[PDB]
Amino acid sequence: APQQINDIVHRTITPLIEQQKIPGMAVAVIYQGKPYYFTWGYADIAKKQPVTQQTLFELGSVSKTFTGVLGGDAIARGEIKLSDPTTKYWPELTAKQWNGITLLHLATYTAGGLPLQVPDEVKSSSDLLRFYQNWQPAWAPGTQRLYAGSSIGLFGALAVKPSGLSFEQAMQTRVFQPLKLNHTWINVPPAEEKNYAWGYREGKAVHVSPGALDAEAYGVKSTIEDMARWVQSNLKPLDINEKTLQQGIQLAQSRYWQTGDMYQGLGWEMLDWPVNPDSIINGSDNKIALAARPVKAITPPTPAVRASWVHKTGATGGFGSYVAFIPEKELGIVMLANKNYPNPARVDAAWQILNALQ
């Protein structure tokens, strides 16, 4: 019953905010098809603007879930295949290392060591091309997983090319609108500026900066309500009336690669439920999560497994986000904060809450 929810959430999150000195935070728990919302603190400290259910947070790397699903939808539409070579979409990518790198590799960080970020010196499309052309792999395609915004980013930009739409147009018309995420943005419009929290880094108020392939890797700003709706859409894709979008959501939770007890989806990462909590909490530390690891191909990919812990962490310089959910149990959580605090604290809090509700 809802008292269970309130009790575990309050007991769990109030110490976390105190320990991590989080200025503002929004949490949603999704339980049996219903969301339950909790907010604390300030969206803007200087102006004493409180966090509310309409406050926008930067998702950072959680945006990659949207990118994964938008790709999944382009696959379902027959516009692209994950088996296609990158060069089919960017024929200017002629350097020899691109021979053998597929869209699957890009989408799943397995191209052979594309880096965590696109370098800050890349400001133009010619700078981008030069970057990928000069890039030297460390491993053969499909052999090591190295978590990389420059990999999934490129996938995003390539995956929308056949549509004829920009990445933002594709995401708005094919994902945001059908799911009725009407307070979810890649570019925040004037009507929402008042709701857009500041991030806090070493005490300074900050917003994410423009960057190459930002829309694709870390584009999205959203509210706790819309994120709870994103979680629900991903927990229960069969309720989605748009067929290609339903299928895309399912494709993003297919298991493509395994490393240790983790399975790579498109954006999403997955473990079998029940999980070992120490494995996901410690696994979330950047020392571990950003390290290169050999992967085993799952040939062919396993379709979305209901008994999974499905999750993704995200950060910008000012923001820390986490989404997890367990489809078999109709259970999930969203944690949005306007400080970047360590991932294991997010994941530990989330597990404490969801495990209690299972």
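A residue's number is simply how far along the shown sequence it sits, counting from 1.
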(message) So, looking at the entry's B-factor column for Cα atoms, which has the higher mean, 104-112 or 210-218?
(response) 210-218
(request) Take the C-alpha B-factors listed in the entry for 263-271 and for 125-133, compute each mean, and give the stretch with the larger one. (result) 125-133
(message) Using only the C-alpha B-factors in the record, can you name which of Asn187, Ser151, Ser166, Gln253 has the highest?
(response) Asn187
(request) In terms of CA temperature factor as recorded, identify the highest of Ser61, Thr302, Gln54, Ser308. (result) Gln54
(request) Would you please rank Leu93 by its C-alpha temperature factor against the other modelled residues of its chain and give the third it falls in: lowest, middle or highest? (result) highest
(request) Just say lowest, middle or highest third for the CA B-factor of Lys312 relative to the other modelled residues in its chain. (result) lowest
(request) For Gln49, return the chain-relative third of its C-alpha B-factor as stated in the PDB record: lowest, middle or highest. (result) highest
(request) Quick one: classify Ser233 as lowest, middle or highest third of the chain based on its Cα B-factor. (result) lowest
(message) How does the C-alpha B factor of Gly156 compare with the rest of the chain: lowest, middle or highest third?
(response) lowest
